[PDB]
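Consider the single chain below, provided in structure tokens and representing the form deposited in one PDB entry.
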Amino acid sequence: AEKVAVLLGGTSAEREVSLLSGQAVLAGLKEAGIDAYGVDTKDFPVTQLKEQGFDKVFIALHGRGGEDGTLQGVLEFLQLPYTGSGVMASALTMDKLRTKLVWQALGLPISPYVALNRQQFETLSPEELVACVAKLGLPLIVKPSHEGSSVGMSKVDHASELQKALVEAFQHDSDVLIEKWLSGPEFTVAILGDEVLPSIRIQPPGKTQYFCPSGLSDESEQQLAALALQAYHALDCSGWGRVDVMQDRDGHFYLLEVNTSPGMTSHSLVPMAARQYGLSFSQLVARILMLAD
């Protein structure tokens, strides 16, 4: 039967979650009856998947080298069917700035923010950097533009803490965003093929608290689902994904980011939504593979 590669681990900051993601995906597929093998891409070169007898690919990597389009470009070249979003969408989902620009042009909601690159940083004075963000109010969140990890993110409460916050950020990326702070809570929406799965609310503790159903009204889930699907189609995603949305103090949803190769432990957001939906892990996992483009 079809020889399936589960790519796991890799070499990014999320190598550990990835090994776990992959071992799990592998179990699920087996249970579904699929003839799957796990490949640690820090030790086996993805280049050789073809050479090695694999017919299909299940991508379970995270961050640099798995959800950024480069692995995808490799696979398109070997002409191996694989799961998740293609080259353009993957790489796009990693560029938080370009993601906002596409969404804002479609009229989709995003929270106010300015963007700076390294060169304007080292050019503009502290004071001018402040004057430049004055209109976002305070507090702010400083996020480097490509990261997608947690590294580089500061909250900024007072305008004197801004320079420190930016220095910190730019040790990770040429681009950075200064975003207005929102109250939350946060909502995540798993998309599977073209089905939308029940939303999940997540929030700080009094570990991180997250729970399903979200508690949103039926009218609100429909609005949110709709928004999530526009957000995801706006980036040319497909296969499956997770759209993360931030709510504000007035109730309004803002878009955050689309994760195109989501965590898949059993602690993970996508499997939760999938359970609520009436899908076993194995079943969730098999469907993702059934969509391999």
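Rigid core: the largest C-alpha set superposing within 1.5 Å between the two forms. In this text, residue numbers run from 1 along the sequence as written.
In the comparison with other entries of the same protein, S149 is left without coordinates in at least one third of those covering both sides of it. In this entry, the higher average B-factor at the C-alpha atoms falls on 149 to 157, of the pair 128 to 136 and 149 to 157.
The mean Cα B-factor in the deposited entry runs higher for 161 to 169 than for the other of 178 to 186 and 161 to 169. You'll see in the entry that, of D236, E67, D55, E257, the Cα B factor peaks at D55.
Annotation for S199, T99, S85, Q119: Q119 ranks highest, by Cα B-factor. In the PDB entry, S90 places in the lowest third of its chain by CA B-factor. When the modelled residues of the chain are ordered by their C-alpha B factor, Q223 lands in the middle third.
In the deposited entry, the Cα temperature factor of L71 places it in the middle third of its chain's modelled residues. In the PDB entry, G63 places in the middle third of its chain by CA B-factor. Sort the modelled residues of the chain by CA B factor and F44 lands in the highest third.
If you look for the form deposited in another entry, you will not find it shown, but the lines that follow are about it.
A 2 Å or larger CA shift between this form and the one not shown, after fitting on the rigid core, occurs at just one of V102, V87, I110, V156, namely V156. Shown in the overlay between this form and the one not shown, fitted on the rigid core, is a CA shift at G193 smaller than 2 Å. With the core held fixed between this form and the one not shown, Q223 has its Cα displaced by under 2 Å.
Core-superposed comparison between this form and the one not shown: the Cα of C132 travels 2 Å or more.
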